[PDB]
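Residue strings, one per chain:
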Amino acid sequence: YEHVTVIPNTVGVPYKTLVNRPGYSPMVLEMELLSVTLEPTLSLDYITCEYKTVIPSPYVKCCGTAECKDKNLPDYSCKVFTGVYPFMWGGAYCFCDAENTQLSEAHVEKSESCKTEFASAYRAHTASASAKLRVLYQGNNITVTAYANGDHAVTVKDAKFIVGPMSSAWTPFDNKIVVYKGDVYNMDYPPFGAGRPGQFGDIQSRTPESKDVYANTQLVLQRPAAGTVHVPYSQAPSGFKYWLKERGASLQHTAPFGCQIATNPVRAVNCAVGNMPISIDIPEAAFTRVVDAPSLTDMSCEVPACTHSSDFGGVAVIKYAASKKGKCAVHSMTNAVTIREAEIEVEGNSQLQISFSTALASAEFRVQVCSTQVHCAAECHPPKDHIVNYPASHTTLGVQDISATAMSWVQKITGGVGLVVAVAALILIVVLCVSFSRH
Amino acid sequence: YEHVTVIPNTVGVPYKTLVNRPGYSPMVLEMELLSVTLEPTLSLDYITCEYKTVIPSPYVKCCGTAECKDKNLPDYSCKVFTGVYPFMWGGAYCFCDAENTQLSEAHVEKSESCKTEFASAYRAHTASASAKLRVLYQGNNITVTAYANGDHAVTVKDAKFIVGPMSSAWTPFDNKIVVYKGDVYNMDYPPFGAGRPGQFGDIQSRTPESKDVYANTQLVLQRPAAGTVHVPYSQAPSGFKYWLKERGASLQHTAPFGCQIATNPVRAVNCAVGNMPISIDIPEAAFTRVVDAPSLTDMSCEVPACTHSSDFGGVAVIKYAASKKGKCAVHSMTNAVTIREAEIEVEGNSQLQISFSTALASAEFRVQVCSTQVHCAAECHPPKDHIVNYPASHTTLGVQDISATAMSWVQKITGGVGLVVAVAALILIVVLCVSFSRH
Amino acid sequence: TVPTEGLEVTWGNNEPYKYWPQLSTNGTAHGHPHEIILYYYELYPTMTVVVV
Ligand SMILES: *[C@@H]1O[C@H](CO)[C@@H](O[C@@H]2O[C@H](CO)[C@@H](O[C@@H]3O[C@H](CO)[C@@H](O)[C@H](O[C@H]4O[C@H](CO)[C@@H](O)[C@H](O)[C@@H]4O[C@@H]4O[C@H](CO)[C@@H](O)[C@H](O)[C@H]4NC(C)=O)[C@@H]3O)[C@H](O)[C@H]2NC(C)=O)[C@H](O)[C@H]1NC(C)=O
Ligand SMILES: *[C@@H]1O[C@H](CO)[C@@H](O[C@@H]2O[C@H](CO)[C@@H](O[C@@H]3O[C@H](CO)[C@@H](O)[C@H](O[C@H]4O[C@H](CO)[C@@H](O)[C@H](O)[C@@H]4O[C@@H]4O[C@H](CO)[C@@H](O)[C@H](O)[C@H]4NC(C)=O)[C@@H]3O)[C@H](O)[C@H]2NC(C)=O)[C@H](O)[C@H]1NC(C)=O
Ligand SMILES: *[C@@H]1O[C@H](CO[C@@H]2O[C@@H](C)[C@@H](O)[C@@H](O)[C@@H]2O)[C@@H](O[C@@H]2O[C@H](CO)[C@@H](O[C@@H]3O[C@H](CO)[C@@H](O)[C@H](O[C@H]4O[C@H](CO)[C@@H](O)[C@H](O)[C@@H]4O)[C@@H]3O)[C@H](O)[C@H]2NC(C)=O)[C@H](O)[C@H]1NC(C)=O
Ligand SMILES: *[C@@H]1O[C@H](CO)[C@@H](O[C@@H]2O[C@H](CO)[C@@H](O[C@@H]3O[C@H](CO[C@H]4O[C@H](CO)[C@@H](O)[C@H](O)[C@@H]4O)[C@@H](O)[C@H](O)[C@@H]3O)[C@H](O)[C@H]2NC(C)=O)[C@H](O)[C@H]1NC(C)=O
Ligand SMILES: *[C@@H]1O[C@H](CO[C@@H]2O[C@@H](C)[C@@H](O)[C@@H](O)[C@@H]2O)[C@@H](O[C@@H]2O[C@H](CO)[C@@H](O[C@@H]3O[C@H](CO)[C@@H](O)[C@H](O)[C@@H]3O)[C@H](O)[C@H]2NC(C)=O)[C@H](O)[C@H]1NC(C)=O
Ligand SMILES: CC(C)CCC[C@@H](C)[C@H]1CC[C@H]2[C@@H]3CC=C4C[C@@H](O)CC[C@]4(C)[C@H]3CC[C@]12C
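Residues numbered from 1 in each chain as written, not as in the entry; some residues may be left out. Chains lettered and ligands numbered in written order. Part of a larger assembly, values for the part shown. Heavy atoms only, no water.

- Looking at the entry header, you'll see cryo-EM listed as the method and 3.30 Å as the resolution.

1. Looking at the overall build of chain A
Then, in step 1: Counting its regular elements, chain A contains 3 helices and 34 strands.
Then, in step 2: When the 439 residues of chain A are sorted by exposure, 46% land in the buried category.
Then, in step 3: Across chain A, the fraction of contacts at a sequence separation of at least 24, relative to all contacts at a separation of at least 6, is 66%.
Then, in step 4: In chain A, which carries 34 positive and 38 negative side-chain charges, the distance between the mean positions of the two groups comes to 1 Å. (Helix = DSSP H or I, 4+ residues; strand = E, 2+ residues; numbered from the N terminus. Buried < 20%, exposed > 50% of the residue type's maximum accessible area, 1.4 Å probe, protein only. Contact = heavy atoms within 4.5 Å. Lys, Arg positive; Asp, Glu negative; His and termini not counted. Charge placed at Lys NZ, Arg CZ, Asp CG, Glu CD.)

2. What about the sheet that holds strand β28 (residues 351-358) of chain B?
Either a parallel or an antiparallel arrangement is found when strands of a sheet pair, and the pairing is made through backbone hydrogen bonds.
Residue and element names in this part refer to chain B.
Then, in step 1: Pairing is antiparallel across the open sheet formed by 4 strands, whose spatial order is β23-β24-β28-β26. Taken across any chain shown, the strands that pair with only one partner, and hence form the sheet edges, are β23 (297-305) and β26 (337-339). When the angles between neighbouring strand axes are averaged without regard to direction, this sheet yields 35 degrees.
Then, in step 2: Here 5 bridges tie β23 to strand β24 (residues 314-321), and the two strands are oriented antiparallel to one another. Looking at β24, one finds that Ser300 is bridged to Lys319. (Pairing = 2+ DSSP bridges. Axes fitted to C-alpha atoms, helices over the stretch in contact; angles between N-to-C directions.)

3. Side note on the sheet that holds strand β12 (residues 151-156) of chain B
Residue and element names in this part refer to chain B.
Then, in step 1: Spatial ordering of the open sheet is given by β1-β22-β13-β12, a layout of 4 strands whose pairing is antiparallel. The outermost strands of the open sheet, each flanked by one partner alone, are β1 (2-8) and β12. The mean angle between the axes of side-by-side strands here comes to 25 degrees, regardless of whether they run parallel or antiparallel.
Then, in step 2: When β12 meets strand β13 (residues 159-163), the two strands line up antiparallel, connected through 4 bridges.

4. Considering the interface of chain C and chain A
Then, in step 1: The interface is formed by 19 residues belonging to chain C together with 26 residues belonging to chain A.
Then, in step 2: Taken over both partners, the interface formed by chain C and chain A buries close to 1900 Å², and the fraction arising from carbon and sulfur atoms is 56%.
Then, in step 3: The largest per-residue losses of area from chain C upon contact with chain A belong to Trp20, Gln22 and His30 of chain C, which jointly make up 36% of the total buried on that side.
Then, in step 4: For the pair chain C and chain A, the number of links is 9 residue pairs in polar contact.
Then, in step 5: Mapped by element, the contributors of at least two residues to the side of chain C that touches chain A are β2 (17-21) and α1 (33-43) of chain C.
Then, in step 6: When grouped by side-chain class, the residues that make up the side of chain C that touches chain A number 11 nonpolar, 6 polar and 2 charged.
Then, in step 7: In terms of strand pairing, strand β34 (residues 387-388) of chain A meets β2 of chain C through 2 bridges, oriented antiparallel. Residue pairing across strands places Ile387 of chain A opposite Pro21 of chain C, the latter belonging to β2 of chain C. (Buried area = accessible area lost by both parts, 1.4 Å probe. Polar contact = N/O pair within 3.5 Å; in protein donor to acceptor, adjacent residues only side chain to side chain. Nonpolar A, V, L, I, M, F, W, Y, C, P; charged D, E, K, R; others polar.)

5. Some thoughts on the relation of the copies chain A and chain B
Then, in step 1: For these two chains of identical sequence, chain A goes onto chain B by a turn of 180 degrees and a shift of 0.1 Å along the axis, with RMSD 0.7 Å. Overall, the copies show the geometry of a two-fold rotation axis. Among all C-alpha atoms of chain A, that of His125 of chain A lies closest to the rotation axis, at 3.6 Å.
Then, in step 2: Most of the interface of chain A is mirrored in chain B, where 88% of its interface residues are also at the interface. (Least-squares fit on C-alpha atoms.)

6. A short note on the packing of helix α3 (residues 404-435) of chain A against α1 of chain C
For any two helices packed against each other, the geometry is given by the interaxial angle and the distance between the axes.
Then, in step 1: At a minimum axis distance of 10 Å, the contact between α3 of chain A and α1 of chain C shows a crossing angle of 125 degrees. On the basis of their axis angle, the class for α3 of chain A and α1 of chain C is oblique. Relative to α1 of chain C, the crossing made by α3 of chain A is left-handed. Residues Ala404, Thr405, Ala406 and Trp409 of chain A of α3 of chain A touch α1 of chain C, and the partners they reach there are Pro33, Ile36 and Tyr40 of chain C.
Then, in step 2: For the contact of α3 of chain A with α1 of chain C, the residue count by class is 6 nonpolar, 1 polar and no charged. (Parallel < 35°, antiparallel > 145°, perpendicular 65-115°, else oblique. Left-handed = near helix turned anticlockwise from the far one by under 90°.)

7. A closer look at the site of ligand 2
Residues and elements named next belong to chain B.
Then, in step 1: Surveying the vicinity of ligand 2 reveals the residues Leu42, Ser43, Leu44, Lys115, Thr116, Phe118, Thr207 and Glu209.
Then, in step 2: At a separation of 2.9 Å, an oxygen atom of ligand 2 approaches a polar backbone atom of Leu42.
Then, in step 3: Between ligand 2 and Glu209 there is a distance of 2.9 Å, counted from an oxygen atom to a side-chain nitrogen or oxygen.
Then, in step 4: Computed on the free molecule, ligand 2 has an accessible area of 1100 Å², of which 40% lies beneath the protein chains in the complex. (Near = heavy atom within 4 Å. Areas by Shrake-Rupley, 256 points an atom, 1.4 Å probe, with all protein chains shown as cover.)

8. Comments concerning the interface of chain A and chain B
Then, in step 1: Listed as interface residues are 17 residues of chain A and, on the opposing side, 16 residues of chain B.
Then, in step 2: Of the roughly 1500 Å² buried between chain A and chain B on both sides combined, carbon and sulfur atoms contribute 48%.
Then, in step 3: If you sort the residues of chain A by the area they bury against chain B, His125, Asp151 and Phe192 of chain A come out on top, with a joint share of 32%.
Then, in step 4: In this structure, the connection of chain A to chain B is made through 2 salt bridges.
Then, in step 5: Of the charged contacts, one joins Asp151 of chain B and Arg123 of chain A as a salt bridge, the two residues approaching to 3.7 Å between their closest N and O atoms. (Salt bridge = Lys/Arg side-chain N within 4 Å of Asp/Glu carboxyl O.)

9. So, the environment of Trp89 of chain A
Then, in step 1: Within the fold, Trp89 of chain A resides in the loop between β8 (87-88) and β9 (91-92).
Then, in step 2: As a C-alpha pair, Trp89 of chain A and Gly326 of chain A span 237 residues in sequence and 102 Å in three-dimensional space.

10. Here we look at empty space enclosed by the protein
Residues and elements named next belong to chain B.
Then, in step 1: Tallied over the entire structure, the rule returns 1 cavity of 30 Å³ or more.
Then, in step 2: Approximately 50 Å³ is the volume attributed to the largest cavity.
Then, in step 3: Considering the residues around the largest cavity, the lining is formed by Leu18, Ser25, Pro26, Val28, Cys328, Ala329, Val330, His331, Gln368, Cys370 and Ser371.
Then, in step 4: No other element matches strand β25 (residues 326-332), which puts 4 residues into the lining of the largest cavity.
Then, in step 5: Class assignment of the residues belonging to the lining of the largest cavity gives a composition of 7 nonpolar, 4 polar and no charged. (1 Å grid on protein atoms, 1.4 Å probe; cavity = no way out; pocket = protein on both sides within 12 Å on 5 of 7 lines; lining within 4 Å. Points joined across faces, edges and corners; volume = space filled by probe spheres on them.)

Next comes the structure, spelled out in structure tokens:
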């Protein structure tokens with residue numbers, strides 16, 4: 001028997017479904033999503049890191065003009081300065097005094113620290129959602145890990161599970177992301193080979209060990225100070241460091257729907273968005289015929305306490321007279337209230353206690369214990385605590401549901417006013433009928 | 001200078017674009033797509049291959065009933081046959097004449113050939129396009145390779161190229177593909193863990209070296225045949241082999257747009273769909289000032305022969321006054337006519353010869369050389385060959401706006417009919433004015 | 001301010017705290033009509049005024 005159901009994607013809240021196979025005792029399955037993971041498939045655009053400005057020792061031509069040659073180095077910059085009179089510690093460098101020239105050259109190489117301290121600019125396309133699901137099957141807790149794309153069959157205890165396809169394709173990642181250590185950022189990094197100085201991606205490389213390096217740091221050489229041999233340069237500082245000091249907040253702190261963002265591999269975990277179709281193929285061995293299950297007659301419901309505290313505040317005590325000892329699956333007949341217990345052992349003439357959570361002002365509902373139903377009505381009070389640390393176990397309620405004795409009141413008011421309207425209609429109709437008799 | 005243009009996404013057909021910088025001699029660039037590759041990002045769903053049935057020796061118990069336990073083997077099937085009287089070469093094996101039992105057990109495991117002969121069921125999400133482009137830059141013929149997703153700006157000879165993004169996201173691969181060796185098939189393979197006997201995917205595993213094998217071959221043990229010691233079995237044959245013998249044509253032969261398909265990695269080479277934006281950052285040193293470029297006068301055009309076929313069936317001869325010796329680009333002032341050559345050397349008072357292709361029955365176009373234009377007129381004859389083995393080089397077929405010469409027949413007919421209508425309208429207006437002018 | 005969907009607060013390096021509001025009110029849902037409308041307003045302050 002194949003049973004198809006839909007469960008909200010919220011993590012940690014169990015939902016119960018009634019598998020009703022005619023000719024067999026009803027079965028109740030409680031399923032809870034322990035973990036839902038969206039792992040996007042990443043195509044690495046490039047690697048950014050800190051650059052290193054390599055400046056070899058300057059050349060000093062004592063009497064004459066030096067010249068340099070262009071090179072294929074990533075950001076090679078050369079310049080010759082005339083009229084330099086550099087000094088070493090022992091005095092003037094050489095005899096010729098004003099004709100001296102200084103050849104100064106520099107370039108940029110991606111640092112060795114690029115192997116460990118780097119940011120990876122990726123593109124993300126789609127997520128292969130996977131789910132860990134806890135199912136209360138045959139009174140035992142079983143765990144199934146299955147891809148949520150609707151195309152993974154997981155068989156446990158001869159029972160087959162198909163999970164997915166998830167309704168909502170929303171993912172916290174956009175097309176282009178940046179990963180650094182354990183932090184994931186959603187930013188539009190500049191295209192490869194067109195980076196800008198002083199910002200993110202000024203120096204770029206396809207892989208951390210790649211030997212090609214696109215670097216744009218505006219490395220401009222300046223005139224050395226008089227009487228010195230240093231090589232000054234004006235350069236936009238490493239944009240990777242500026243980004244690090246000004247990263248902002250990562251995705252795990254700003255993602256919507258409470259998603260938890262992780263790295264290695266990049267994952268989005270527990271996004272409470274959309275819902276999950278679940279299809280369960282259950283073998284015949286798990287079902288019990290109605291004639292073998294207990295038959296319950298003369299059953300009544302009482303509600304000693306009810307508070308809509310989102311923590312199963314209501315309690316129901318039901319008196320039953322069972323045909324014989326056994327177990328039977330208790331299930332609520334309405335969507336407004338949810339029963340914590342999935343099944344109860346029953347024997348003889350006794351009473352059973354269940355705990356339910358609701359949001360109704362008056363908990364009027366029906367409970368299907370074995371194959372019969374019993375009606376419960378309750379006077380439910382609001383809880384005293386304002387805030388709790390767990391999501392509500394009860395479901396959201398519609399307009400007519402919460403109405404309770406206010407509904408009892410609007411019944412009186414509407415009845416009276418509509419009775420006035422009906423009396424007016426009768427008077428108008430009889431007056432019109434009399435009027436047409438006078439011609 | 002930034003020049004943005006659009007070229008149709010075809011391979012082997014060069015296109016001419018005109019870079020017009022005011023104050024500079026016009027430049028013409030010939031771009032040709034050598035290879036456009038669509039590489040979908042694949043996530044391996046699973047591996048299928050030929051199964052091997054392992055059958056241990058049957059257990060013959062003479063004077064007792066054999067019993068076997070359930071085993072966690074992938075498709076373990078075990079049975080006991082009573083009343084067997086097996087024979088070996090030297091005579092009866094079992095002394096007890098009756099009541100003897102044979103215990104027959106067998107299971108399924110993926111064979112060693114799964115490391116070499118296997119089919120990979122993949123999921124395809126989105127392709128990262130790449131393009132190889134040949135550019136006619138400064139009289140040199142250069143080649144540039146770049147991703148075609150509006151990214152990967154690539155600099156060659158100081159010229160910066162930005163390729164794409166693709167105008168169409170069409171890809172020949174469906175969501176699910178199957179790769180065997182070099183043939184990929186658009187097949188909706190069964191979901192993992194839910195294979196069917198005798199079809200593709202009856203035995204599945206996540207990766208070729210995985211020990212996790214899901215096998216569904218409905219292996220059923222049958223009774224041994226009358227005194228033999230064999231263990232017969234009835235099993236659906238390898239669905240992988242049946243798929244091999246029934247593969248059909250792969251995507252390499254059935255894909256539209258003339259796409260070619262390759263594997264390792266999976267690529268869709270040369271898909272002629274949509275168009276391609278190209279952005280070029282030409283260095284200022286590339287351009288030549290108008291004063292230094294030749295200025296042509298006394299320029300006239302004639303056509304020795306024209307055949308409105310592919311492969312440049314038209315030839316034109318143009319006479320010019322070159323003024324200063326030099327070279328300059330040649331461009332067509334209308335799209336329906338395409339000139340093969342891009343630049344021409346002009347000197348003295350010689351004449352130049354150009355080759356052009358068109359679908360026009362009557363060539364009526366203008367040619368721009370060295371910033372001055374000529375009007376070329378020709379009557380073009382239809383070709384003799386019905387079919388050629390190369391794509392059309394002219395831009396396209398004519399539209400209703402462009403007929404041939406001797407369209408003056410249409411002008412004469414329209415003029416005569418409209419003149420009759422106009423004189424009739426004049427007579428009608430005069431008569432109406434006379435009628436309204438009464439009284 | 002904790003909305004209906006819940007609020008997640010990260011304080012320093014501590015593990016984030018999660019808060020959800022529950023249906024607390026100073027009115028009563030089975031008393032006099034003014035207490036009724038007070039309860040029914042306090043729980044859903046937006047569309048109760050619309051329906052009333
Ligand atoms: C301290 O700790 C940090 C954090 O872990 C370490 O950083 C890690 O460094 C590793 C070594 O570089 C990184 O691992 C790999 O390095 C490879 C070097 O060549 C690199 O190529 C890898 O990237 C490929 O593989 C990834 C995983 O499969 C893919 O996600 C990625 O996209 C690359 O895959 C290619 O993608 C292109 C896309 O165009 C395809 O065309 C190719 O076909 C793909 N090839 C393959 C084989 O898939 C990868 O980076 C590791 O990533 C990195 N950590 C993080 C979080 O990124 C420091 O090294 C460590 N310190 C020291 C001293 O070790
Ligand atoms: C005879 O010749 C055939 C081919 O003609 C050879 O087949 C090749 O065999 C190789 C080794 O067996 C294959 O190479 C790899 O094998 C890995 C075995 O573990 C396999 O895991 C690899 O697949 C993963 O890695 C790739 C690159 O990193 C990814 O592109 C690929 O998608 C897989 O990546 C993840 O895989 C897991 C699997 O569960 C998924 O869950 C993830 O979602 C995947 N992530 C991503 C991002 O994709 C890889 O296949 C090689 O592929 C194979 N050839 C072909 C065409 O497939 C035989 O070996 C050879 N035999 C002999 C004896 O010579
Ligand atoms: C740009 O690059 C080409 C060479 O590149 C090669 O060809 C490209 C189309 C492309 O595929 C590249 O990947 C590849 O590497 C330079 O020259 C082109 O090719 C030949 C080279 O000799 C030129 O001349 C040709 O020579 C043939 C042999 O003499 C001759 O027969 C051709 O004329 C006739 O050929 C065909 C038969 O195939 C015939 O049917 C026609 O009627 C045609 O007249 C041809 O003249 C080509 O002209 C060049 N290609 C083009 C499209 O013009 C090229 O020089 C280089 N650019 C520069 C500035 O040098
Ligand atoms: C139901 O009735 C309750 C009591 O009548 C309400 O509780 C009161 O709610 C009001 C506003 O909602 C609060 O007023 C605020 O008070 C804070 C400071 O008070 C708090 O901090 C001091 C610090 O010394 C502490 O001594 C107090 O006891 C409070 O804990 C102000 O800064 C605000 O500006 C504002 O005035 C009352 O404080 C609060 N009192 C109590 C005892 O709870 C409750 O809100 C009502 N519920 C509903 C749904 O209406
Ligand atoms: C099947 O599993 C459910 C819940 O799943 C469990 O949750 C984990 C935290 C672990 O406990 C795992 O064993 C398992 O995945 C079980 O229901 C849970 O049972 C526990 C103990 O039986 C309850 O803990 C108690 O909760 C009360 C509530 O007031 C506390 O006061 C106690 O101090 C104690 O912590 C827990 O509340 C309960 N949760 C739910 C939603 O019912 C279930 O018992 C289990 N069944 C079987 C047959 O294994
Ligand atoms: C006439 C007087 C005496 C009583 C009238 C009470 C009415 C106006 C009150 C009763 C409690 C209230 C409802 C209880 C539950 C729901 C469902 C929820 O999803 C939206 C709010 C909504 C719809 C409330 C709106 C206002 C409401 C209908």
